[PDB]
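Structure below is final23.txt: compact mmCIF, N, CA and C atoms and all ligand atoms.
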# COMPACT_ATOMS: atom_id res chain seq x y z
N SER A 1 -18.56 3.75 177.30
CA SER A 1 -17.12 4.00 177.18
C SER A 1 -16.77 4.45 175.77
N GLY A 2 -15.58 5.01 175.61
CA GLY A 2 -15.11 5.46 174.30
C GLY A 2 -14.17 6.65 174.41
N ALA A 3 -13.27 6.77 173.44
CA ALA A 3 -12.32 7.88 173.44
C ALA A 3 -12.06 8.36 172.01
N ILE A 4 -11.48 9.55 171.86
CA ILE A 4 -11.01 10.10 170.59
C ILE A 4 -9.49 10.03 170.60
N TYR A 5 -8.85 9.54 169.50
CA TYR A 5 -7.41 9.48 169.45
C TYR A 5 -6.93 10.37 168.31
N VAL A 6 -6.28 11.50 168.63
CA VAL A 6 -5.80 12.45 167.62
C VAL A 6 -4.38 12.85 167.99
N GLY A 7 -3.44 12.64 167.05
CA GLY A 7 -2.04 12.94 167.31
C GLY A 7 -1.52 12.20 168.54
N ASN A 8 -0.85 12.90 169.45
CA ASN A 8 -0.40 12.28 170.70
C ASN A 8 -1.39 12.49 171.87
N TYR A 9 -2.69 12.63 171.57
CA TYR A 9 -3.70 12.85 172.60
C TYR A 9 -4.81 11.82 172.57
N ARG A 10 -5.39 11.58 173.77
CA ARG A 10 -6.56 10.75 174.00
C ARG A 10 -7.59 11.61 174.72
N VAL A 11 -8.79 11.77 174.12
CA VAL A 11 -9.86 12.56 174.73
C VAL A 11 -10.89 11.61 175.30
N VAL A 12 -11.21 11.76 176.58
CA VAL A 12 -12.18 10.89 177.24
C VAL A 12 -13.16 11.72 178.09
N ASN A 13 -14.27 11.13 178.51
CA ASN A 13 -15.15 11.77 179.52
C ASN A 13 -14.32 11.88 180.80
N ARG A 14 -14.32 13.07 181.42
CA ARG A 14 -13.51 13.25 182.65
C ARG A 14 -13.94 12.26 183.74
N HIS A 15 -15.28 11.96 183.83
CA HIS A 15 -15.74 11.06 184.90
C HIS A 15 -15.39 9.57 184.68
N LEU A 16 -14.92 9.23 183.47
CA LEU A 16 -14.52 7.90 183.13
C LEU A 16 -12.99 7.78 182.99
N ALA A 17 -12.21 8.89 183.21
CA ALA A 17 -10.76 8.81 183.07
C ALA A 17 -10.15 7.78 183.99
N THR A 18 -9.14 7.08 183.50
CA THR A 18 -8.45 6.05 184.27
C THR A 18 -7.24 6.61 185.08
N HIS A 19 -6.60 5.77 185.94
CA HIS A 19 -5.38 6.20 186.64
C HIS A 19 -4.30 6.63 185.64
N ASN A 20 -4.11 5.88 184.53
CA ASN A 20 -3.09 6.23 183.52
C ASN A 20 -3.45 7.56 182.83
N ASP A 21 -4.75 7.83 182.58
CA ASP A 21 -5.14 9.13 182.00
C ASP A 21 -4.69 10.28 182.94
N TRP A 22 -4.95 10.14 184.26
CA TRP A 22 -4.57 11.18 185.22
C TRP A 22 -3.02 11.26 185.39
N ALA A 23 -2.30 10.14 185.28
CA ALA A 23 -0.83 10.16 185.38
C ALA A 23 -0.15 10.78 184.13
N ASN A 24 -0.91 10.89 183.01
CA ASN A 24 -0.41 11.49 181.76
C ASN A 24 -1.33 12.68 181.37
N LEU A 25 -1.84 13.40 182.38
CA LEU A 25 -2.76 14.51 182.16
C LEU A 25 -2.14 15.63 181.32
N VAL A 26 -2.89 16.11 180.30
CA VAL A 26 -2.55 17.27 179.49
C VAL A 26 -3.49 18.45 179.89
N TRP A 27 -4.80 18.20 179.98
CA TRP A 27 -5.81 19.22 180.28
C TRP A 27 -7.09 18.53 180.77
N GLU A 28 -7.77 19.14 181.71
CA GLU A 28 -9.06 18.63 182.16
C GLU A 28 -9.97 19.83 182.54
N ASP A 29 -11.28 19.66 182.30
CA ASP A 29 -12.26 20.67 182.64
C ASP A 29 -13.51 20.02 183.18
N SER A 30 -13.72 20.09 184.52
CA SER A 30 -14.86 19.48 185.17
C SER A 30 -16.18 20.05 184.64
N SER A 31 -16.21 21.36 184.36
CA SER A 31 -17.43 21.98 183.86
C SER A 31 -17.77 21.47 182.48
N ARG A 32 -16.82 20.86 181.74
CA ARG A 32 -17.08 20.32 180.39
C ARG A 32 -17.22 18.79 180.38
N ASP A 33 -16.88 18.12 181.49
CA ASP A 33 -16.79 16.65 181.55
C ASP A 33 -15.76 16.14 180.56
N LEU A 34 -14.64 16.88 180.36
CA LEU A 34 -13.58 16.41 179.44
C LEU A 34 -12.25 16.25 180.16
N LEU A 35 -11.46 15.29 179.67
CA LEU A 35 -10.07 15.14 180.10
C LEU A 35 -9.28 14.68 178.88
N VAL A 36 -8.07 15.22 178.71
CA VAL A 36 -7.17 14.84 177.63
C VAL A 36 -5.86 14.35 178.26
N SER A 37 -5.45 13.16 177.84
CA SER A 37 -4.18 12.59 178.29
C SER A 37 -3.23 12.39 177.12
N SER A 38 -1.93 12.19 177.42
CA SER A 38 -0.96 11.99 176.34
C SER A 38 -0.77 10.49 176.05
N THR A 39 -0.47 10.18 174.78
CA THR A 39 -0.26 8.80 174.34
C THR A 39 1.12 8.67 173.68
N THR A 40 1.65 7.45 173.64
CA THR A 40 2.90 7.18 172.95
C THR A 40 2.64 6.87 171.47
N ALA A 41 1.51 6.20 171.16
CA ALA A 41 1.18 5.87 169.78
C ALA A 41 0.41 7.01 169.13
N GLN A 42 0.64 7.23 167.83
CA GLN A 42 -0.03 8.31 167.11
C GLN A 42 -1.47 7.97 166.71
N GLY A 43 -2.39 8.84 167.07
CA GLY A 43 -3.79 8.68 166.73
C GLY A 43 -4.08 9.29 165.37
N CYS A 44 -5.11 8.77 164.68
CA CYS A 44 -5.42 9.31 163.37
C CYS A 44 -6.90 9.63 163.17
N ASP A 45 -7.62 10.00 164.26
CA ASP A 45 -8.99 10.50 164.10
C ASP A 45 -8.85 11.96 163.60
N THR A 46 -9.85 12.47 162.92
CA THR A 46 -9.89 13.84 162.39
C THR A 46 -10.93 14.64 163.20
N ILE A 47 -10.56 15.80 163.76
CA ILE A 47 -11.51 16.62 164.50
C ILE A 47 -12.18 17.58 163.53
N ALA A 48 -13.50 17.71 163.59
CA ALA A 48 -14.23 18.68 162.77
C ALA A 48 -13.93 20.11 163.24
N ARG A 49 -13.84 21.06 162.27
CA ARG A 49 -13.63 22.48 162.57
C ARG A 49 -14.76 23.14 161.75
N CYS A 50 -15.89 23.35 162.41
CA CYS A 50 -17.13 23.74 161.70
C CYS A 50 -18.21 24.16 162.69
N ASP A 51 -19.40 24.56 162.17
CA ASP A 51 -20.55 24.83 163.00
C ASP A 51 -21.73 23.94 162.58
N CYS A 52 -21.46 22.69 162.15
CA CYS A 52 -22.55 21.75 161.82
C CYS A 52 -23.51 21.57 163.01
N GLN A 53 -24.77 21.37 162.69
CA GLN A 53 -25.78 21.02 163.67
C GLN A 53 -26.47 19.72 163.28
N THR A 54 -25.88 18.92 162.36
CA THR A 54 -26.40 17.59 162.04
C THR A 54 -25.18 16.64 161.98
N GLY A 55 -25.41 15.40 162.41
CA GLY A 55 -24.35 14.39 162.38
C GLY A 55 -24.92 13.04 162.78
N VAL A 56 -24.02 12.12 163.12
CA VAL A 56 -24.38 10.73 163.47
C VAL A 56 -23.61 10.36 164.73
N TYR A 57 -24.31 9.75 165.71
CA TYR A 57 -23.60 9.27 166.91
C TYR A 57 -23.75 7.80 167.14
N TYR A 58 -22.76 7.22 167.82
CA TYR A 58 -22.79 5.80 168.17
C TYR A 58 -23.44 5.64 169.55
N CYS A 59 -24.45 4.75 169.63
CA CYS A 59 -25.19 4.46 170.88
C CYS A 59 -24.92 3.00 171.27
N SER A 60 -24.02 2.78 172.26
CA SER A 60 -23.67 1.42 172.62
C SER A 60 -24.83 0.61 173.21
N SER A 61 -25.78 1.28 173.91
CA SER A 61 -26.95 0.57 174.47
C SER A 61 -27.97 0.13 173.43
N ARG A 62 -27.76 0.48 172.15
CA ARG A 62 -28.59 -0.02 171.07
C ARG A 62 -27.73 -0.71 169.98
N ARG A 63 -26.37 -0.75 170.15
CA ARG A 63 -25.40 -1.22 169.11
C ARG A 63 -25.76 -0.61 167.75
N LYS A 64 -26.08 0.70 167.75
CA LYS A 64 -26.50 1.37 166.52
C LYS A 64 -25.98 2.78 166.44
N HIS A 65 -25.88 3.29 165.21
CA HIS A 65 -25.60 4.69 164.96
C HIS A 65 -26.92 5.36 164.62
N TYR A 66 -27.10 6.60 165.10
CA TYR A 66 -28.31 7.36 164.80
C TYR A 66 -27.98 8.74 164.25
N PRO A 67 -28.67 9.14 163.16
CA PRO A 67 -28.51 10.52 162.64
C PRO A 67 -29.30 11.49 163.54
N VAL A 68 -28.72 12.63 163.90
CA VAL A 68 -29.42 13.59 164.77
C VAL A 68 -29.16 15.03 164.35
N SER A 69 -30.13 15.92 164.75
CA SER A 69 -29.93 17.35 164.71
C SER A 69 -29.55 17.73 166.17
N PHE A 70 -28.55 18.62 166.36
CA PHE A 70 -28.12 18.97 167.72
C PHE A 70 -27.95 20.47 167.86
N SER A 71 -28.12 20.93 169.10
CA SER A 71 -27.99 22.34 169.39
C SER A 71 -26.49 22.80 169.39
N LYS A 72 -26.22 24.14 169.24
CA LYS A 72 -24.84 24.62 169.32
C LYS A 72 -24.34 24.50 170.77
N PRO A 73 -23.03 24.43 170.96
CA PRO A 73 -22.48 24.26 172.33
C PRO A 73 -22.92 25.38 173.26
N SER A 74 -23.44 24.99 174.44
CA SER A 74 -23.97 25.99 175.34
C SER A 74 -23.91 25.51 176.81
N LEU A 75 -24.30 26.39 177.75
CA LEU A 75 -24.29 26.11 179.18
C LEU A 75 -25.67 25.53 179.52
N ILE A 76 -25.69 24.24 179.91
CA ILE A 76 -26.94 23.54 180.16
C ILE A 76 -26.97 22.92 181.55
N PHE A 77 -28.12 23.01 182.25
CA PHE A 77 -28.23 22.39 183.57
C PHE A 77 -28.29 20.86 183.47
N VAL A 78 -27.43 20.18 184.22
CA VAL A 78 -27.34 18.73 184.22
C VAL A 78 -27.67 18.23 185.62
N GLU A 79 -28.63 17.32 185.71
CA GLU A 79 -29.04 16.76 187.01
C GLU A 79 -27.88 16.04 187.70
N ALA A 80 -27.93 15.94 189.04
CA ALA A 80 -26.92 15.22 189.80
C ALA A 80 -26.83 13.76 189.38
N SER A 81 -25.60 13.21 189.49
CA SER A 81 -25.29 11.80 189.26
C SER A 81 -24.31 11.38 190.37
N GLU A 82 -23.79 10.16 190.30
CA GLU A 82 -22.75 9.70 191.23
C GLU A 82 -21.43 10.44 191.01
N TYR A 83 -21.23 11.07 189.82
CA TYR A 83 -19.97 11.73 189.50
C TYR A 83 -19.93 13.24 189.74
N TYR A 84 -21.09 13.91 189.76
CA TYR A 84 -21.13 15.34 189.96
C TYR A 84 -22.42 15.71 190.68
N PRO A 85 -22.40 16.79 191.47
CA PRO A 85 -23.67 17.34 191.95
C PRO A 85 -24.42 17.99 190.75
N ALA A 86 -25.67 18.45 190.95
CA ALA A 86 -26.40 19.16 189.90
C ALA A 86 -25.65 20.47 189.60
N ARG A 87 -25.41 20.74 188.32
CA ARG A 87 -24.61 21.88 187.93
C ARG A 87 -24.86 22.28 186.49
N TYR A 88 -24.30 23.43 186.07
CA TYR A 88 -24.31 23.78 184.66
C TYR A 88 -23.06 23.18 184.02
N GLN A 89 -23.26 22.42 182.93
CA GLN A 89 -22.14 21.87 182.15
C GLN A 89 -22.01 22.78 180.92
N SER A 90 -20.77 23.24 180.64
CA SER A 90 -20.55 24.12 179.52
C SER A 90 -20.16 23.33 178.24
N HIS A 91 -20.26 24.00 177.07
CA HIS A 91 -19.88 23.40 175.78
C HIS A 91 -20.67 22.11 175.47
N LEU A 92 -21.92 22.04 175.93
CA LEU A 92 -22.76 20.86 175.75
C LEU A 92 -23.78 21.11 174.62
N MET A 93 -24.00 20.06 173.83
CA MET A 93 -24.97 20.10 172.70
C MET A 93 -26.02 19.04 172.95
N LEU A 94 -27.32 19.36 172.75
CA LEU A 94 -28.34 18.33 172.96
C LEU A 94 -29.02 17.92 171.66
N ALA A 95 -29.47 16.70 171.66
CA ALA A 95 -30.29 16.16 170.58
C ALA A 95 -31.36 15.24 171.17
N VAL A 96 -32.40 14.94 170.39
CA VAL A 96 -33.43 14.00 170.77
C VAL A 96 -32.92 12.62 170.39
N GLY A 97 -32.71 11.80 171.40
CA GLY A 97 -32.22 10.44 171.14
C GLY A 97 -31.99 9.67 172.39
N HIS A 98 -31.59 8.40 172.24
CA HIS A 98 -31.35 7.55 173.40
C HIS A 98 -29.94 7.60 173.96
N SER A 99 -29.79 7.70 175.28
CA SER A 99 -28.49 7.72 175.93
C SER A 99 -28.66 7.24 177.36
N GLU A 100 -27.87 6.23 177.74
CA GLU A 100 -27.76 5.68 179.11
C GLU A 100 -26.33 5.95 179.59
N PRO A 101 -26.04 5.91 180.91
CA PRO A 101 -24.69 6.30 181.38
C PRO A 101 -23.50 5.60 180.68
N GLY A 102 -23.64 4.31 180.38
CA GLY A 102 -22.59 3.56 179.71
C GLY A 102 -22.39 3.96 178.25
N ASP A 103 -23.32 4.76 177.71
CA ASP A 103 -23.15 5.28 176.35
C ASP A 103 -22.13 6.44 176.29
N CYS A 104 -21.69 6.97 177.47
CA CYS A 104 -20.71 8.07 177.45
C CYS A 104 -19.44 7.62 176.73
N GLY A 105 -18.93 8.49 175.87
CA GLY A 105 -17.75 8.15 175.11
C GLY A 105 -18.03 7.85 173.65
N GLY A 106 -19.28 7.55 173.32
CA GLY A 106 -19.66 7.35 171.93
C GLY A 106 -19.43 8.62 171.11
N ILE A 107 -18.86 8.45 169.92
CA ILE A 107 -18.55 9.62 169.09
C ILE A 107 -19.72 10.13 168.29
N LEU A 108 -19.80 11.49 168.21
CA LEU A 108 -20.72 12.21 167.31
C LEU A 108 -19.82 12.76 166.19
N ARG A 109 -20.18 12.44 164.92
CA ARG A 109 -19.42 12.86 163.74
C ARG A 109 -20.30 13.56 162.74
N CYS A 110 -19.74 14.57 162.09
CA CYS A 110 -20.38 15.22 160.95
C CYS A 110 -19.52 14.91 159.69
N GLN A 111 -19.85 15.54 158.54
CA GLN A 111 -19.08 15.34 157.32
C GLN A 111 -17.59 15.79 157.45
N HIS A 112 -17.29 16.66 158.42
CA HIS A 112 -15.94 17.21 158.64
C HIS A 112 -15.07 16.41 159.61
N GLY A 113 -15.69 15.50 160.38
CA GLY A 113 -14.91 14.73 161.34
C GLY A 113 -15.62 14.57 162.67
N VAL A 114 -14.86 14.32 163.72
CA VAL A 114 -15.39 14.16 165.10
C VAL A 114 -15.81 15.51 165.66
N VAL A 115 -17.05 15.56 166.18
CA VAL A 115 -17.64 16.77 166.75
C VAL A 115 -17.51 16.74 168.27
N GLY A 116 -17.77 15.58 168.87
CA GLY A 116 -17.75 15.46 170.32
C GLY A 116 -18.03 14.04 170.77
N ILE A 117 -18.28 13.88 172.09
CA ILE A 117 -18.57 12.54 172.64
C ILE A 117 -19.77 12.60 173.53
N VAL A 118 -20.56 11.50 173.60
CA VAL A 118 -21.70 11.45 174.51
C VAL A 118 -21.25 11.77 175.94
N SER A 119 -22.01 12.62 176.64
CA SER A 119 -21.70 13.00 178.00
C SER A 119 -22.93 13.03 178.92
N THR A 120 -24.15 13.25 178.41
CA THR A 120 -25.35 13.26 179.26
C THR A 120 -26.52 12.52 178.60
N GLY A 121 -27.62 12.35 179.34
CA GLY A 121 -28.79 11.72 178.77
C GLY A 121 -29.94 11.66 179.76
N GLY A 122 -30.97 10.98 179.32
CA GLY A 122 -32.21 10.82 180.07
C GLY A 122 -33.34 11.63 179.45
N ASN A 123 -34.58 11.28 179.78
CA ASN A 123 -35.79 11.98 179.29
C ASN A 123 -35.88 12.02 177.75
N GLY A 124 -35.25 11.05 177.08
CA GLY A 124 -35.27 11.03 175.64
C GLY A 124 -34.32 12.01 174.96
N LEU A 125 -33.38 12.57 175.72
CA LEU A 125 -32.41 13.49 175.16
C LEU A 125 -31.00 12.85 175.28
N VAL A 126 -30.09 13.26 174.41
CA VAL A 126 -28.69 12.85 174.50
C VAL A 126 -27.85 14.13 174.42
N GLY A 127 -26.82 14.25 175.28
CA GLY A 127 -25.98 15.43 175.26
C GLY A 127 -24.55 15.06 174.92
N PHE A 128 -23.91 15.90 174.11
CA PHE A 128 -22.54 15.64 173.64
C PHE A 128 -21.63 16.77 174.08
N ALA A 129 -20.47 16.41 174.64
CA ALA A 129 -19.43 17.38 174.98
C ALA A 129 -18.68 17.74 173.69
N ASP A 130 -18.75 19.02 173.28
CA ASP A 130 -18.06 19.47 172.08
C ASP A 130 -16.56 19.44 172.24
N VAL A 131 -15.82 19.13 171.12
CA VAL A 131 -14.36 19.22 171.12
C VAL A 131 -13.87 20.12 169.93
N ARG A 132 -14.79 20.66 169.11
CA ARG A 132 -14.39 21.43 167.93
C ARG A 132 -13.63 22.72 168.25
N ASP A 133 -13.80 23.24 169.45
CA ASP A 133 -13.09 24.48 169.80
C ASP A 133 -11.63 24.21 170.28
N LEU A 134 -11.26 22.93 170.52
CA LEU A 134 -9.92 22.62 171.08
C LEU A 134 -8.92 22.52 169.96
N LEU A 135 -8.56 23.69 169.41
CA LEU A 135 -7.73 23.72 168.22
C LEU A 135 -6.35 23.11 168.42
N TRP A 136 -5.86 23.14 169.67
CA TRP A 136 -4.55 22.60 169.99
C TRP A 136 -4.47 21.07 169.86
N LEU A 137 -5.61 20.36 169.77
CA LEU A 137 -5.58 18.90 169.61
C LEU A 137 -4.83 18.47 168.32
N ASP A 138 -4.74 19.37 167.32
CA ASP A 138 -4.11 19.13 166.02
C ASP A 138 -2.68 19.54 165.88
N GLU A 139 -2.09 20.14 166.92
CA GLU A 139 -0.70 20.60 166.89
C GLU A 139 0.07 20.11 168.12
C1 LIG B 1 -29.51 9.32 183.10
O1 LIG B 1 -28.15 9.74 183.30
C2 LIG B 1 -27.30 9.70 182.23
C3 LIG B 1 -27.65 9.18 180.99
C4 LIG B 1 -26.71 9.16 179.97
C5 LIG B 1 -25.44 9.64 180.19
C6 LIG B 1 -25.09 10.15 181.43
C7 LIG B 1 -26.02 10.19 182.47
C8 LIG B 1 -25.68 10.73 183.84
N1 LIG B 1 -24.39 11.42 183.90
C9 LIG B 1 -24.22 12.76 183.31
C10 LIG B 1 -22.69 12.89 183.28
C11 LIG B 1 -22.25 14.34 183.27
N2 LIG B 1 -21.72 14.78 182.13
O2 LIG B 1 -22.43 15.08 184.25
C12 LIG B 1 -22.26 12.08 184.50
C13 LIG B 1 -23.29 10.99 184.55
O3 LIG B 1 -23.21 9.93 185.16
ZN ZN B 2 -19.14 19.69 160.36

Spell out the structure here as C-alpha cells.
Amino acid sequence: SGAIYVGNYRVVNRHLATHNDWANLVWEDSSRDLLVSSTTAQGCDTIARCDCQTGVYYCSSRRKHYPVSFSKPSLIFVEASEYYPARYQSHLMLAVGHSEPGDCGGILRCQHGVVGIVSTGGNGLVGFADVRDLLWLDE
C-alpha cells in the first residue's frame, strides 16, 4: 500500500483504489496502473521533473529502503494477476530488486523528488509506475 499526496491530489495504484478514490476521481489509466483522486487537505510531497535513472525506493516486505538503477519509462509486458489479464503496461520503469504484491504503493525518489510508485514485481525485478510526466499534478 501507499500513496503520493501533492496539492489537492492523491496518487495511488489503480488496482488498490478505494470507493472514496473512485467517488472523487480526477484521472485514471488502466494501462499505467494509476488513479488520481481529489483531497480536501493540502499535500506537500514534491514530484521530480527530470530524467534520473537512479533513486531509492521503499520496500514494505523488507521494512527497508533500497538504492536502485532503473530503466526509462516504457511499454513492458506484465504477467496476468487477479487485477489484470496479461498485457503491456505503459510508463513503467524496471530495476533489479525485491517486490511482492503488497509492496505496491511504495515510493521511488531521486534527488529531485518523487519519481513513481511500486506497481509490478517478481523474478527479482521491481517495476515502478512513473508520475514525472503528469505536469498537472502541480497546478
Ligand atoms: C508477483 O506479482 C507482483 C509482485 C509485485 C507487485 C505486483 C505483482 C503483481 N501485480 C502487477 C500489478 C500490475 N501493475 O499489473 C497488479 C498485480 O497484482
Ligand atoms: Zn531526478

Counting all atoms listed in the file, what are the residues, protein, DNA or RNA alike, that approach ligand LIG 1 (chain B) to within 6 Å? I want them as a ChimeraX atom specification. /A:33,81-84,99-104,119-122

Those in region 91-137 of chain A with helix (DSSP H, G or I) from DSSP, as a PDB file with N, CA and C atoms, in the frame of the given file:
ATOM      1  N   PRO A 101     -26.040   5.910 180.910  1.00  0.00           N
ATOM      2  CA  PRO A 101     -24.690   6.300 181.380  1.00  0.00           C
ATOM      3  C   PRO A 101     -23.500   5.600 180.680  1.00  0.00           C
ATOM      4  N   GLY A 102     -23.640   4.310 180.380  1.00  0.00           N
ATOM      5  CA  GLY A 102     -22.590   3.560 179.710  1.00  0.00           C
ATOM      6  C   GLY A 102     -22.390   3.960 178.250  1.00  0.00           C
ATOM      7  N   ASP A 103     -23.320   4.760 177.710  1.00  0.00           N
ATOM      8  CA  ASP A 103     -23.150   5.280 176.350  1.00  0.00           C
ATOM      9  C   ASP A 103     -22.130   6.440 176.290  1.00  0.00           C
ATOM     10  N   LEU A 135      -8.560  23.690 169.410  1.00  0.00           N
ATOM     11  CA  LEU A 135      -7.730  23.720 168.220  1.00  0.00           C
ATOM     12  C   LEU A 135      -6.350  23.110 168.420  1.00  0.00           C
ATOM     13  N   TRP A 136      -5.860  23.140 169.670  1.00  0.00           N
ATOM     14  CA  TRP A 136      -4.550  22.600 169.990  1.00  0.00           C
ATOM     15  C   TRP A 136      -4.470  21.070 169.860  1.00  0.00           C
ATOM     16  N   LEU A 137      -5.610  20.360 169.770  1.00  0.00           N
ATOM     17  CA  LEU A 137      -5.580  18.900 169.610  1.00  0.00           C
ATOM     18  C   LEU A 137      -4.830  18.470 168.320  1.00  0.00           C
TER      19      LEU A 137
END

Extract, using only C-alpha atoms, all DNA, RNA and protein residues at most 12 Å from residue 135 (chain A), discarding same-chain residues fewer than 5 positions from it, and format them as a PyMOL selection string. chain A and resi 6+46-50+130

Can you tell me which residues surround residue 34 (chain A) at a distance of at most 6 Å, considering only N, CA and C atoms, apart from same-chain residues fewer than 4 positions away, and format the answer as a VMD selection string? chain A and resid 12 to 14 27 to 30

Got a sec to check which residues lie within 6.5 Å of ligand ZN 2 (chain B), using all atoms listed in the file, and send them as a list in words? residues 48, 49, 50, 51, 52, 53, 110, 111, 112 and 113 of chain A

The selected residues should be written to file as a CSV table (one decimal), keeping the file's coordinate frame (atoms: N, CA and C atoms).
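Output contents, as saved in part-v8.csv:
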chain,number,residue,atom,x,y,z
A,48,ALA,N,-13.5,17.7,163.6
A,48,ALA,CA,-14.2,18.7,162.8
A,48,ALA,C,-13.9,20.1,163.2
A,49,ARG,N,-13.8,21.1,162.3
A,49,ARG,CA,-13.6,22.5,162.6
A,49,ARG,C,-14.8,23.1,161.8
A,50,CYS,N,-15.9,23.4,162.4
A,50,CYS,CA,-17.1,23.7,161.7
A,50,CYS,C,-18.2,24.2,162.7
A,51,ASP,N,-19.4,24.6,162.2
A,51,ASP,CA,-20.6,24.8,163.0
A,51,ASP,C,-21.7,23.9,162.6
A,52,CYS,N,-21.5,22.7,162.2
A,52,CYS,CA,-22.6,21.8,161.8
A,52,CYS,C,-23.5,21.6,163.0
A,53,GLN,N,-24.8,21.4,162.7
A,53,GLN,CA,-25.8,21.0,163.7
A,53,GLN,C,-26.5,19.7,163.3
A,110,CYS,N,-19.7,14.6,162.1
A,110,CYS,CA,-20.4,15.2,161.0
A,110,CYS,C,-19.5,14.9,159.7
A,111,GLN,N,-19.8,15.5,158.5
A,111,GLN,CA,-19.1,15.3,157.3
A,111,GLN,C,-17.6,15.8,157.4
A,112,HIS,N,-17.3,16.7,158.4
A,112,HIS,CA,-15.9,17.2,158.6
A,112,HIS,C,-15.1,16.4,159.6
A,113,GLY,N,-15.7,15.5,160.4
A,113,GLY,CA,-14.9,14.7,161.3
A,113,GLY,C,-15.6,14.6,162.7

Looking only at strand (DSSP E) from DSSP on the backbone, list the matching residues of region 43-138 of chain A as a PyMOL selection string. chain A and resi 43-44+54-59+64-69+74-78+87-96+107-110+113-122+125-130

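Distances from A:10, A:72, A:65, A:15 to residue 106 (chain A) were compared using only C-alpha atoms, and the smallest one belongs to A:65.
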
Around region 74-83 of chain A, with edges along x, y and z and 4 Å added on all six sides, what centre and edge lengths do you get, in Å to one decimal, as AutoDock Vina command-line options?
--center_x -24.5 --center_y 18.0 --center_z 182.8 --size_x 17.1 --size_y 24.7 --size_z 24.8

Rounded to one decimal, what separation in Å do you get between CA of residue 4 (chain A) and CA of residue 62 (chain A)? 20.3 Å

When you look at residue 105 (chain A) with a cut-off of 5 Å (counting all atoms listed in the file), what residues show up, excluding the ones that are within fewer than 6 positions of it in the same chain? I need them as a VMD selection string. chain A and resid 1 to 3 117 to 118

Quick one: everything within 7 Å of residue 37 (chain A), counting only N, CA and C atoms, minus sequence neighbours fewer than 4 positions away in the same chain. Send it as a PyMOL selection string. chain A and resi 8-12+20-22+24-27

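Atom C of residue 94 (chain A) sits 27.4 Å away from atom N of residue 139 (chain A).
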
For a cut-off of 6 Å around (-35.7, 10.9, 171.9), file coordinates, pick out all residues using only C-alpha atoms and list them as number ranges by chain. A: 96-98, 124-125

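Atom pair atom C of residue 70 (chain A) / CA of residue 87 (chain A): separated by 20.4 Å.
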
Could you give me, as a ChimeraX atom specification, the residues that sit within 7 Å of (-32.1, 15.0, 164.4) in the file's coordinates, counting only C-alpha atoms? /A:54,67-70,95-96

File of the preceding selection, N, CA and C atoms, as a short mmCIF file (atom, residue, chain, number, x, y, z; two decimals), in the frame of the given file:
data_model
loop_
_atom_site.label_atom_id
_atom_site.label_comp_id
_atom_site.auth_asym_id
_atom_site.auth_seq_id
_atom_site.Cartn_x
_atom_site.Cartn_y
_atom_site.Cartn_z
N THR A 54 -25.88 18.92 162.36
CA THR A 54 -26.40 17.59 162.04
C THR A 54 -25.18 16.64 161.98
N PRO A 67 -28.67 9.14 163.16
CA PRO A 67 -28.51 10.52 162.64
C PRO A 67 -29.30 11.49 163.54
N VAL A 68 -28.72 12.63 163.90
CA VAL A 68 -29.42 13.59 164.77
C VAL A 68 -29.16 15.03 164.35
N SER A 69 -30.13 15.92 164.75
CA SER A 69 -29.93 17.35 164.71
C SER A 69 -29.55 17.73 166.17
N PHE A 70 -28.55 18.62 166.36
CA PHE A 70 -28.12 18.97 167.72
C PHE A 70 -27.95 20.47 167.86
N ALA A 95 -29.47 16.70 171.66
CA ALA A 95 -30.29 16.16 170.58
C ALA A 95 -31.36 15.24 171.17
N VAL A 96 -32.40 14.94 170.39
CA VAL A 96 -33.43 14.00 170.77
C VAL A 96 -32.92 12.62 170.39
#
